[PDB]
Amino acid sequence: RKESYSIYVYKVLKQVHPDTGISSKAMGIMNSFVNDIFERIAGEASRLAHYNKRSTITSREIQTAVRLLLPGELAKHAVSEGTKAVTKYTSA
Amino acid sequence: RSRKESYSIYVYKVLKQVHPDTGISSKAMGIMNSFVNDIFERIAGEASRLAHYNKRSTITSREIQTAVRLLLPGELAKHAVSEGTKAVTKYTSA
Amino acid sequence: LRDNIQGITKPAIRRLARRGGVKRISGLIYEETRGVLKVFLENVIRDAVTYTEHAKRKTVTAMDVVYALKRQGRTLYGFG
Amino acid sequence: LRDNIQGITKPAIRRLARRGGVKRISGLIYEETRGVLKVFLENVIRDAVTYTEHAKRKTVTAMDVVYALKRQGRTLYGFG
Amino acid sequence: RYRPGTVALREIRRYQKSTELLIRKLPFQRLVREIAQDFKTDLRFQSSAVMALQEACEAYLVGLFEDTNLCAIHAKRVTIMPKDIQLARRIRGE
Amino acid sequence: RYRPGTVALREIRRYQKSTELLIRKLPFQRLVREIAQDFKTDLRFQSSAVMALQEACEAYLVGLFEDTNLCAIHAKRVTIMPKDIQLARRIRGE
Amino acid sequence: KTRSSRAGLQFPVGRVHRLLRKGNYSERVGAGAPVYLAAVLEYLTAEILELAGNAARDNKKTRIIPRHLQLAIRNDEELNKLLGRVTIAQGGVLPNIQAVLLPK
Amino acid sequence: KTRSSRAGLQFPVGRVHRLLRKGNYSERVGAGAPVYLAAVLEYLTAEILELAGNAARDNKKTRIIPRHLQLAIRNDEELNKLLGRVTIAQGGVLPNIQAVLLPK
Amino acid sequence: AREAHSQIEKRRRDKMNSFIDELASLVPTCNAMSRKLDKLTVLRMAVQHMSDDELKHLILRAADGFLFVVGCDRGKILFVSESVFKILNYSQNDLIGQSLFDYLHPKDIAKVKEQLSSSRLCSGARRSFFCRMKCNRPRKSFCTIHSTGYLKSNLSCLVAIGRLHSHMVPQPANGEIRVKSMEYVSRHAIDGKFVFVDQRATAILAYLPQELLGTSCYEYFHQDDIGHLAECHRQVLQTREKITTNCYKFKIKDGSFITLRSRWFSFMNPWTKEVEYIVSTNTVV
Amino acid sequence: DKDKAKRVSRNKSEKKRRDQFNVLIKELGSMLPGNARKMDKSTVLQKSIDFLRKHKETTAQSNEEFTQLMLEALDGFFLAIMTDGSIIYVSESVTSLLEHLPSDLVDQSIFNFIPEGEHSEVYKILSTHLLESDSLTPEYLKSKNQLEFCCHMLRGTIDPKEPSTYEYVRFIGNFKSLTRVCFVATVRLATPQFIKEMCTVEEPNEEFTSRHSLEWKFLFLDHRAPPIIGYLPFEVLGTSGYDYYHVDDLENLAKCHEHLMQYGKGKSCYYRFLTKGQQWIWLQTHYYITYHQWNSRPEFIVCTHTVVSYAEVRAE
DNA sequence: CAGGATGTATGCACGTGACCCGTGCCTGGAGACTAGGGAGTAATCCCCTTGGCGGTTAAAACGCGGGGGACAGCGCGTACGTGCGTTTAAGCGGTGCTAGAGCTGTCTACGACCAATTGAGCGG
DNA sequence: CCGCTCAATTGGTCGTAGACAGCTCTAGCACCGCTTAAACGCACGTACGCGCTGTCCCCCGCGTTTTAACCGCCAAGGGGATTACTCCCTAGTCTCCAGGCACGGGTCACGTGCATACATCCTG
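About the criteria used
- Residues numbered from 1 in each chain as written, not as in the entry; some residues may be left out.
- Chains lettered and ligands numbered in written order.
- Heavy atoms only, no water.
- Residues with missing side-chain atoms left out of burial classes, pairs and counts.
- Helix = DSSP H or I, 4+ residues; strand = E, 2+ residues; numbered from the N terminus.
- Polar contact = N/O pair within 3.5 Å; in protein donor to acceptor, adjacent residues only side chain to side chain.
- Contact = heavy atoms within 4.5 Å.
- Pairing = 2+ DSSP bridges.
- Axes fitted to C-alpha atoms, helices over the stretch in contact; angles between N-to-C directions.
- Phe/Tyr/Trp six-rings, centres within 6.5 Å; stacked < 30°, edge-to-face > 60°.
- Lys NZ or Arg CZ within 6 Å of the ring centre and 35° of its normal.
- Nonpolar A, V, L, I, M, F, W, Y, C, P; charged D, E, K, R; others polar.

- Its PDB header names cryo-EM as the technique used to obtain the model and reports a resolution of 3.6 Å.

Structure (structure tokens):
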């Protein structure tokens, strides 16, 4: 089996632009994007844990990695989104 | 009291085998320690990715040799690979 | 084989330069460009082959090209 | 704290430029240099502080500066 | 006829708008194999690998040309010279 | 009187030969705090951290100056202008 | 119930959690870790898709193609910084021409 | 006996093995891997020290200082490629002066 | 704490000075000197100031042939032992200060020039060759000398012993005792030409190495034994196995024949899977 | 131009004096007995003080290169034995001539090596001779103590399966009293040994490097080999490596090289190499092969040569 | 040539700065042993790349004309470099205080792991 | 849209990585007095940057001719992908002891001050 985010990318596109579809070429780009960002954050979070002698990754490492990796405006939104998601997830 | 590992013992010994008439400043030694850990991470990191790309769970001399061939300039890679080859050969043979 | 670098024609270079916003090109550029491209290809190919050899494969995949570019500081999307 | 950017004197800039092999300097350079330095230094500090905050510390360590430089492709030897 | 430079600006707009590869595919494939044979003979290549290389190569050269163009402009020149490329490459770290 | 440029050559040779910090240390340390206060007030620093910052900064600027110098030379100029710095920073993707 | 549903996310928390456990990123992964990350991945994805959809509309298209993604990413200064070293297959380039090249 | 002794190496193979087993580089580490790496680290170390020792004597010094390491690295094309972006405390610079600046 | 440290340095200075003066007292010149010598001078004079005879007799009485020293740059004889009068019948006065080339045979001089060339006495400097040297009392104007020695450093020279070995082999082995016979090694081309020969061959065959190399073994084999030896040769080329010949006659420089027995094999280089040469170990019967 | 380096000249001069002192300390210490590293300068002088005291006394109360040369030319060795036949000392050259280690001879009976039919001759020589020296004349100078006699001695061997083999030798020596009466003689083989094996390495360790073709011909020789093998690089380049190997070792090395051809890496058996000085030296070599990248086939062999002792060879 | 006066250089003693040996010592490396998962291997298949065949055609190669751009040479003046006196704040060497870094010990909430259930995801 | 999992999630048991409370000392923070090299401001001179004219030859635009590229079709079979079994390699476990590391004491290299004699030079 092979896995992709094409289902989830498509669902997100319909949230922002219900009238718009996506090409398979664009979908390839979006999958590479998602995996690239995953590697960036997971890698940074790993180094952060290493530098602090931590064996576990928590939202603190990810939030830190996000603040380090992302541009200021994106970082602020991404952090609030992660904060909300964890809060809602924990509550649910 | 605590204890901290360093490569200062080995950096010193290597120099004594090459230029016995010379010594190392504390700053130069700190630099060599910084160098060793940097290169270690580069190789260990590259080797890790090579295992990942081939769905392997074990790091062997093949991953390291490959990482060396990728990381180093060809001249250094040739020598480094030969040295790694000899070290393993001598070790495994004894 | 050999002499396929000349297969990168003057017009082909002109088109690339135009995409780069270049209005005017000296004749010396074309040979210089070929030299630079040959080096660039050699760098990517050398690494892509190295990955291929480690995998004990004989066929080069796009994934090997991607891994070669990634380590070189260049990331390419849409090829897996 | 304010105006400590003025602490980077014209002679200090001249001498740095000399180390870079610069023979002659226009007047606009001195302010331009201060601007560029402020940005470079700020970028490193922001990361070093971010590391410090994550560590839940109140004191910035040289290691945080090293990590900040490391991730920015400014690897530094001599400070561990 | 049009005066020189007018057509170039039309071509620039055309090619910046375009997405298709500007370099001929088969000549490229031969060139890749010509080079690759030096590291290993009897290689096979996926068509996707070729496209990956072509896309990366054009992006690289165009980026270099953009910096080259700036260098010529900085020198108050319209025509790009090999020396503009060499400087840009040197500054870029090559 | 020494002719223009003879002093600069002696200064270049002297400063290239030396390894000392050229930026005044206390002014630098204050500048670090002046910036750092923007991210977090009541923040403390290791003295080594400040030196590490300064060494990275001076090295950075020197590298930038050398590239800047090449840009001015490429333009057939000796005096470096902000324009030359901006080009170098743009080429390196800063 | 699906973890993605609890978080109000489209992106699969399970896959993200598995991917964090894979890759040897750590010995242990916090339960909230993949949730936080999935939200971030989804957020950034949404930003690109939203801008790309606008680019598609500007080009009078109803489907996103790599050209649109390229323009959206390169036009947005924050994404341009994040993805400035990325190459997009069939993205093309921004239609930027220096004024010095224009006739006068 | 130390594995380093058995391999004829100076570097602490036992340390290298622990460092490779830790850091989560993989689930498992081959027994020969630490030996191969230690040899590489020793080799590179020797190359730098060898050049540094010459730099010291070329300046009538008996002690290696950061300047010597910098000079060795920047003069050696291969080391400069490996460490081209690396900065060294009190490293100094090569005595590069452009011909246009020099008297003629 | 700093005070203690500084006075430890004083103790060091005091101890060193005490030893320097004490060291001086052991040097007759420093003790005779009225003035207080400086530290550098005391040490210089101290280093200048810093059974074998039983062994000398033990080795000299066992000595044979003659010692000689010859300069590499000109072949000049720098020294020779008195025993040379037993061997060459030239006196020390006849040889010293004269070129060795004046006493060497013209065919051996070229070899000696090569031997004298550079490449507790180390094996790398070691030289050993046979040569013919003129005698004060005479073909008999020359005798065959075995010269073995080492190169020595202003004028470089070879220090060696020249020994005149008997072509006859004294004291044959007793049948009661298994005693190692004289042996020599030689190697041959496919057609039997010498491609390598040692000095043991020269002592046994009288022919010097240059007199054998590039010539066929069949030029020295006696015709009565060639039929047998030729069979061994034809056979040995076909196999890696060692073939041992019967006893056979071999011609020597003085024109006589001696009896030898030899073990032959064809050595194959595994890298090429090709025979490099015939390898032979010869034995004196 | 502006005056400069005034301070440098003074600082250099002060340093030069310190260097001169340091040189003399090194020289002074180097000649001492009981030499050790990490001695403080005070210890160096104290040992130098005691050394000068001992040196003056020992010299007041009182040839190497000549002795080595003469022993080699004679194909002989010093041997000393008690009246009871026990060996007390032997020259190392005995190892090259009779293949005996000093450890094989010393404290052993000489009659273990002499044929049984010849025991009576040596027992008679040792037991018949008796002398008491005066205080004025050393024993070695007395014609009464000088003796010349001949006997056979058993050879040692690497492979003990080899049938007992003996050498005829001449003893030239004198009787000397020790704090019992021993006989010490230069022992010369009656059968000359124009070529001999080097059994002990003059240095604790020595090494040299070469590269070989796929025909085993020399492609490279380093600067370290010639001091050991006597051949300069141009003297070996293009020739077969086998040309320098011993007759018996050729076969064993061929097997070793076949193993190398199979695996690309390995270690050789012990073997002998013929020096330009016509000595056989025992060696052991480590090998690895380098490959042509285009097809990963062998291009050349890299060889690391270690010199070994006869004892190390016979031990394994 | 002598004697008094001034400076260069030799020689040493001085303590501080850099450095190493010894002694303690314990932590972490090496050895022995096992379990069972990972890797190597053989046997199979059949999808994709290699390779060719043929035609149509745009794209590339080549040639010429002439204006535009690169470049050298010349002159202008002024923004910069070089020298100096004045000043000041950076270095340096202290003193004085304690917030925070860093380690130790307890205990918990936490995630890893496994058996069970179920319905969102994948092939066609 | 239809069929069929087994990936995803639940609900436990289990051991421990991290949070937490606490204490101990370090390095930084804060301040002063004193020294003086670096930093500031001002005056004067011209080398360098800039603008300008004027060649002159290089590249660009266009047309026409010729070549290999695209496109389409085909088959051959090789190599990557897959599944099935064996076994041996290293994580995990327990143990022992010495090598590498930290702290104390002692030693060496350095400039710098000073005494001292010799170089030398001024005038009798």
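### Comments concerning the side chain of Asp-47 of chain D
Piece 1. Within the element layout of this structure, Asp-47 of chain D appears in helix α2 (residues 28-54).
Piece 2. For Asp-47 of chain D, the side chain forms a polar contact with the side chain of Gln-72 of chain D, separated by 2.8 Å.
Piece 3. Once you skip the residues sitting within four places of it in the chain, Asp-47 of chain D turns out to touch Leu-68 of chain A together with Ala-68, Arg-71 and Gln-72 of chain D.

### A word on the arrangement of the chains
Piece 1. The two units chain A and chain F never meet; even their closest C-alpha atoms stay 13 Å apart.
Piece 2. Of all C-alpha pairs spanning chain A and chain I, none lies closer than 39 Å, and the two are not in contact.

### Quick word on the sheet that holds strand β4 (residues 166-177) of chain J
Residue and element names in this part refer to chain J.
Piece 1. Across the sheet, 5 strands lie side by side as β2-β1-β5-β4-β3; this open sheet has antiparallel pairing. Only two strands of the sheet have a single partner each, and these edge strands are β2 (87-90) and β3 (146-154). Ignoring which end each strand starts from, the neighbouring axes of this sheet average 30° apart.
Piece 2. Bridge count for β3 against β4 is 9 bridges, and the pairing is antiparallel. When the sheet's bridge partners are listed, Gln-146 is paired in β4 with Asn-174.

### Section: the packing of aromatic side chains
Piece 1. Ring centres 5.6 Å apart and planes at 35° place the aromatic pair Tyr-5 of chain A and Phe-11 of chain G in the tilted group. Taken together, the residues span two chains, with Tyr-5 of chain A in the segment before α1 (6-16) and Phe-11 of chain G in the loop between α1 (3-6) and α2 (13-21).
Piece 2. Through a chain of ring-to-ring contacts, three or more aromatic side chains come together here, namely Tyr-5 and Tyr-8 of chain A together with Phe-11 of chain G.
Piece 3. In this arrangement the basic side chain of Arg-15 of chain G is found over the ring face of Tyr-5 of chain A, its NZ or CZ atom lying 4.6 Å from the centre.

### Looking at the interface of chain H and chain B
Piece 1. Taken together, the contact between chain H and chain B spans 54 residues of the former and 55 residues of the latter.
Piece 2. Looking at the side of chain H that touches chain B, the elements that each hand over two or more residues are α1 (3-6), α2 (13-21), β1 (28-29), α3 (33-58), β2 (63-64), α4 (66-75) and α5 (77-82) of chain H.
Piece 3. Here the side of chain H that touches chain B takes 19 residues from α3 of chain H, the largest share from any one element.
Piece 4. In the side of chain H that touches chain B, the residues fall into 31 nonpolar, 10 polar and 13 charged.

### What about the interface of chain G and chain A?
Piece 1. Listed as interface residues are 53 residues of chain G and, on the opposing side, 55 residues of chain A.
Piece 2. When contributions to the side of chain G that touches chain A are tallied by element, the ones reaching two or more residues are α1, α2, β1 (28-29), α3 (33-58), β2 (63-64), α4 (66-75), α5 (77-82) and β3 (86-88) of chain G.
Piece 3. The dominant element in the side of chain G that touches chain A, judged by the number of residues it contributes, is α3 of chain G, at 19 residues.
Piece 4. Residue classes in the side of chain G that touches chain A are distributed as 31 nonpolar, 9 polar and 13 charged.
Piece 5. Pairing of strand β2 (residues 56-57) of chain A with β1 of chain G, which is carried by 2 bridges, proceeds in the parallel orientation. Residue pairing across strands places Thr-56 of chain A opposite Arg-28 of chain G, the latter belonging to β1 of chain G.

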